[PDB]
Each structure stands twice: as C-alpha cells, then as structure tokens.
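This report refers to the structure that appears directly beneath it.
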Number of protein chains: 2
Amino acid sequence: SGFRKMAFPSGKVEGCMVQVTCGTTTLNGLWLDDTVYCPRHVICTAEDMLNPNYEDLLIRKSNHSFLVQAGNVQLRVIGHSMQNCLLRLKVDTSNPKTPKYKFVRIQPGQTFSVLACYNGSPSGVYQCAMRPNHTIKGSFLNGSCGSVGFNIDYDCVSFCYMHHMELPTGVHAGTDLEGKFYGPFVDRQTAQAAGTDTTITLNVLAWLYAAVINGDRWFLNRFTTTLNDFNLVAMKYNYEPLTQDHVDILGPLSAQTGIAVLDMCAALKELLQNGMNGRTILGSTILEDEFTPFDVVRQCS
Amino acid sequence: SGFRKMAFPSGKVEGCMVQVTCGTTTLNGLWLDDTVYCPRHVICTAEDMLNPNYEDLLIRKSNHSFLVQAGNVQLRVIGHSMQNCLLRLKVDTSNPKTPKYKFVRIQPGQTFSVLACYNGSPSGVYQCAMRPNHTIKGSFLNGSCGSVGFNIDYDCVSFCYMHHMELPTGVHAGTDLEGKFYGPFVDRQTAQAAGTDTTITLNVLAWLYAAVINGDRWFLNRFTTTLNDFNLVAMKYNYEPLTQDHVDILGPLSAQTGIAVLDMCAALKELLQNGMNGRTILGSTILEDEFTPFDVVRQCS
C-alpha cells in the first residue's frame, strides 16, 4: 500500500470499555465518569427485537437486572434510564481512566476510528468512514455491538459513533453518543433497507492529491472543468455531487500541490469516463474514498 | 472493504514512546523500565550517514549529549551503550507505564501493528507485514524513525520492529529490538538495494478463506493440485513457493470452511492464470497478501 489507512491511537478509549449483560444478551459499554452507555437493545430478547416496545420492556427491568463488568471488576448499577436509543446506566464508581472527551455527531463521508471490542475487551482498531447512505462498511461479530467510533484532537477524544446492529445486507448501523441513529434506521429487527450508496467524491479528490504528494501523477491532465460539468459526470457514475464548500475545503491541498481543485476534478472526470487501464494509483486499482482532506493533510504533515 | 485490516489496540505501547535528540537529529525512542532504546543513527549528522564509524562516533558522545523527553518531562540519561544497531540509553527514572513485554524476531510474511510517532508522540496505528525481501511498505515522515512494530498476546506486548531508515526506493528498513536488521541492510546511507520482492502465498490463501468465510466463493472450482504443480505456477507469477509447513498451518481454516488446502491452492492457481475479470473478492480487485492465517482466525473468532 503506497498510502496506508491510519487509525488514531486507542489508549484513551481502551480504558473506557466495559461489558454489559442482561439475560442471554451481552455487549459492549462505554464507561465515562460514573455512567455506562450501551445500546438499549441489550434489554431485548431475540423475539423482543422483531417488534420491541422499549419503554415497556424497560419498566420490567431494575438496577439489579444489569450486570456491568469492567475487566474483572463488577460495577454496581444504581440507576437506569433511556436516552433515545441508548441505555444510560448510572454506576457507583467513577471511571478513574476517564479521558478528556466530547460527544460529536459526524456528517456523511467523514471518517473515524473504531475500537472493536468483544465481551468488554478491546480486540483491534479499524479506520472507517460514514457512508453517504449513513451505514458503515466492515465486519462485526456477535457481541461487537456497543463498540465505539472516535476521533482524537490532541488530548481530547471526540466520540462520534456506537455500533448497534447489522442490517440484513451485512452493513452496519449505529448512533452517536446521544443515542441518535445515523440515517433513517431504528433498533428493530425488521426489513429495513439502506438507501443506495454513492462514492464520496470529496475523499476521492483528497486521495488523488495524496497520490500526487507521493509522486504518482500519471492521471493528471491539461484539462479543467466546473462544478456543473463535473456533477453531470458525477450523476452518471453514482458519485456525490461537488459543492462550493467542498472546493474550498480542498484549498490547502491545492495550494501545497500546485494543482487547482477544478483541475484535479478534470482528472477524476477522465478516470471515470475511461478507467485506469491496468494502471494503478498508490498501489490501488480502484478509487479510494475513505480518506478525508483532513486525514490526508494530517497524515502528510 | 468487505474485510478490513485491523491493528492491535495501542494503549500499552503509547505509554512507552519518548523523544530522543542529539544535535539537529530528533527521533522516537522506546522507554521500558529504566532503558530507552532508539536507532543508533541518532548520533549521526547527514554527513556521518554517508559512511559512519559508530564505535568512533559514540566515543565522542557523553550522557549529557542525549536529550530524552517523555511527554513534557525530560529524563536524565545516566549511561549509553551500543547494542548492534540500537543505542541503549540508561535513564534515572523507571517508566511507570511499562507493560508486560517480550522482544521477538518475526519471519518474512508475518504481520504486526506499527504505532507511528513523530517527535515522541503517537500519531496513528497501522497494520502491516514484513515483506519477503525484508522491507516494509508504507510512508514514513522525517522523525518517524524509532517508531515500533508489535503484536499483542492477551496482556503481553511482543515488540518485533523498530523503524530505522527509508531506502532510496521509498521502502522501509529496520531492526528487531535487539538491534538486528531484518534483511541484509545496514544503517548507512549508501546505494543499498532490496532483493526483488514476491507475493506472500500463505497470506493470499488465508485471505481467500476469509473471503469464503464471509460468503464470497465465486473463485472456488472443482480442481485440486499439489505442491509441485502449484509452485511451478508460483515461480511464474513471482509468488513465494508453498511448503508442507504452510499447508499444515492452513489446516484450522481448512477444517472450518470445508475447503481442503490444496483445493484452495487450485483456485488461487486459476486466478493467477486467468485473472479476476472485473470480478472482485472482499471488495478488492487484487489478491491481498497482508493477512496471515492467524490474523484471519483471530478476526473471525
């Protein structure tokens, strides 16, 4: 890989992962201060999932109904409440490893790292992106629900995602840390379907600049284009339309590479209309769209 | 990505990263107990690098010649010695975050995670593999030298690599934590060239099993083969030859997928002799060789 996908260091998040069990259901929870957040569907049985009435299912539960374990230590839940699609469990012990943090809701196309955990313990860290249709691509196993997505800004952890479910197609859906689902999805095991996905044009452009940054500009041409002409081509190949805001965002990359934004768009346009013809870019044979302009600048500086 | 590359959680390694400076040269160091390990070339100037005499360059140095900084705290070096291509700096303070650990030398084709750091602070975590020609693929910036590669085994960190230099071709070379270079390389800025690289057959097979594990076996056929017939094809396409040990290693994957090892080899053989014809495997258009059979089993269980 001429350009590797990079995850944020996970240390600050590792110390926040716990296990929450309710009956036959066991999943991951996030312990910050004296509160443990986890998908509310932990209170559901396989049957409840077909059509759950959470407010009603929760009434039948009590503090002693939740078993929270941080490592080898069981924590005592002294309260439980529902926050949108998340279960907020109040515990009697404050997490001594709680880092400086924020809850942030990301936009489609933005990236983040996921600390995949199983039964309360960290397994690995993956870097991914929020698809335009609000789903996440990858592979999560039984018990991976509850794992979180995040970004780090110096010393502050910005949590932006918590995994909840796998859609019949195998794609993943989840919420922000306020328990609000990304997309039109709900935590019910129904026929739910994600909208047709598209390619993140802004990220593909950022990646093309990255490829140039690392000496590999065979794709660059002498043409240029405009937002109207490019978006026509974009509509054809199922690529997200480009906006002025996107062009402004690519400025820093434009300035440092000597390639005007619309000129890179002219290069992308040709690649879509002709193809790569065996030729490769950054050891890749397909146009990568999981690197944001911010990721490229961060990984290059 | 139908199957994402996964790095180990980096928390245990993060608390071990420090900065070591000697003149205009600043790079990363690993602080374990009361010892800081770093590339010995930190004592070299751009000119010394053309043809360094380390034993002689080191004699001219003293403890006060090394500036070690862990975060915001300067550590006091009370001794310095050379261990092959590593500089061993004895410090007056033992690292309170030292994890349980081991130093291990990996074999070509094996994988590990790298905690890329710059000027002593963690930047990101990447998953990679030791190429058959003993180099590492990726992109390291000025000051990234000293970053380490590792694997985690439950609660023990097995350090297996420390980055030292970028070869003229842009590939990377380094040592194990005993300071022994992987490959024929030495820490001198000369014309050094890496042997022609090949594809890690064992890993490609592991990945093909992974693809099958996740429902995607269009490539499977009704043929079989043998180590002699496959290796003939392997020799043609610059693929590492398969050994009996490799076949034995793939057993667990074979048993759980219902595909005999030699049968998967028969499928790989056809893919090399014909190609993928636009068809893809795990959202990939080229045969991935950076997942070991152990990584696949670990990521699937």
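Each answer follows from the model by the rule given with it, or from the source it names; no laboratory read-out is quoted. Every residue, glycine among them, receives a Cβ derived from its backbone with ideal geometry; neighbour counts consider all protein chains shown.
Observations on the model:
- Filtered by the rule that a residue be closer than 21 Å to residue B:15 by Cβ, assigned to a loop (DSSP other than H, G, I, E, B) and not charged (D, E, K, R), region B:144-169 gives B:144, B:145, B:146, B:147, B:154.
- The set of residues from region A:48-62 being without any contact (Cβ under 8 Å) to a residue 24 or more places away in the chain and either closer than 27 Å to residue A:121 by Cα or hydroxyl-bearing (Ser, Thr, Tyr) (or both) comprises A:48, A:62.
- Where a residue in region B:4-16 is touching a residue at least 24 places away in the same chain (Cβ under 8 Å) and its partner, wherever it lies, is crowded, with 23+ Cβ neighbours inside 10 Å and part of a loop (DSSP other than H, G, I, E, B), with Cβ under 7 Å and at least six apart: B:9/A:10; B:10/A:9; B:10/A:10; B:14/A:9
- Per the conditions (1) within 14 Å of chain B (Cβ to nearest Cβ); (2) touching a residue at least 24 places away in the same chain (Cβ under 8 Å); (3) in contact with a strand residue (DSSP E or B) (Cβ under 8 Å, 6 or more places away or on another chain), the sole criterion not satisfied by residue A:41 is (1).
- Annotation: of all residues in region A:20-32 being touching a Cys at 6+ places or on another chain (Cβ under 8 Å) and away from chain B (no Cβ under 14 Å), the one that is nearest to residue A:292 (Cα to Cα) is A:30.
- Qualifying residue in region B:20-37 (condition: surrounded by fewer than 18 Cβ atoms within 10 Å (Cβ to Cβ), free of Cβ contacts under 8 Å to residues at least 24 places away in the same chain and under 22 Å from the mean Cα position of the chain (by Cα)): no
- Residues of region A:273-296 satisfying the condition of being surrounded by fewer than 17 Cβ atoms within 10 Å (Cβ to Cβ) and assigned to a helix (DSSP H, G or I): A:273, A:274, A:294
- Test: residue A:126 is closer than 14 Å to residue A:20 by Cα, touching a strand residue (DSSP E or B) at 6+ places or on another chain (Cβ under 9 Å) and crowded, with 16+ Cβ neighbours inside 10 Å: no
- Within region A:160-184, being more than 15 Å from the chain's Cα centre (by Cα) and either crowded, with 20+ Cβ neighbours inside 10 Å or among the hydroxyl-bearing types (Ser, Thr, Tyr) (or both) holds for one residue alone: A:169.
- Residue among B:195, B:283 that alone is among the small types (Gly, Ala, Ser) and under 22 Å from residue A:286 (Cβ atoms): B:283
- Residue, farthest from the other protein chains (Cβ to nearest Cβ), within region B:9-19, restricted to residues that are surrounded by fewer than 24 Cβ atoms within 10 Å (Cβ to Cβ) and farther than 18 Å from residue B:89 by Cβ: B:12
- Hey, residue B:257 surrounded by 13 or more Cβ atoms within 10 Å (Cβ to Cβ), without any contact (Cβ under 8 Å) to a residue 12 or more places away in the chain and not assigned by CATH to the domain that holds residue B:169 or not: no
- Residue selected from region B:124-141 under the condition assigned to a strand (DSSP E or B), in contact (Cβ under 8 Å) with a residue 60 or more places away in the chain and within 10 Å of the chain's Cα centre (by Cα), by the criterion nearest to the other protein chains (Cβ to nearest Cβ): B:126
- Considering region B:142-159, and only residues there that are of a type in the set (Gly, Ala, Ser) and crowded, with 21+ Cβ neighbours inside 10 Å, the residue that is farthest from the other protein chains (Cβ to nearest Cβ) turns out to be B:146.
- Matching residues, region A:175-223, being in contact with a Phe, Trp or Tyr (Cβ under 7 Å, 6 or more places away or on another chain) and either without any contact (Cβ under 8 Å) to a residue 40 or more places away in the chain or of a type in the set (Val, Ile, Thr) (or both): A:175, A:192, A:198, A:199, A:201
- Residues of region B:32-77 that turn out to be closer than 30 Å to residue B:99 by Cα and of a type in the set (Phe, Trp, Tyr), as a count: 2
- Some residue of region A:95-102 being within 14 Å of chain B (Cβ to nearest Cβ) and not small (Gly, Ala, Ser): yes
- Where helices (runs of 4 or more DSSP H) sit wholly within region B:170-256, those with at least 3 residues that are within 14 Å of chain A (Cβ to nearest Cβ) and of a type in the set (A, V, I, L, M) occupy B:201-213.
- Summed over region A:277-294, the residues that are at the interface with chain B (Cβ under 10 Å from one of its Cβ atoms) and out of contact with any helix residue (DSSP H, G or I) (no Cβ under 7 Å at 6 or more places or on another chain) give a count of 5.
- Residue list for region A:103-123, restricted to those being more than 14 Å from every other protein chain (Cβ to nearest Cβ) and crowded, with 23+ Cβ neighbours inside 10 Å: none
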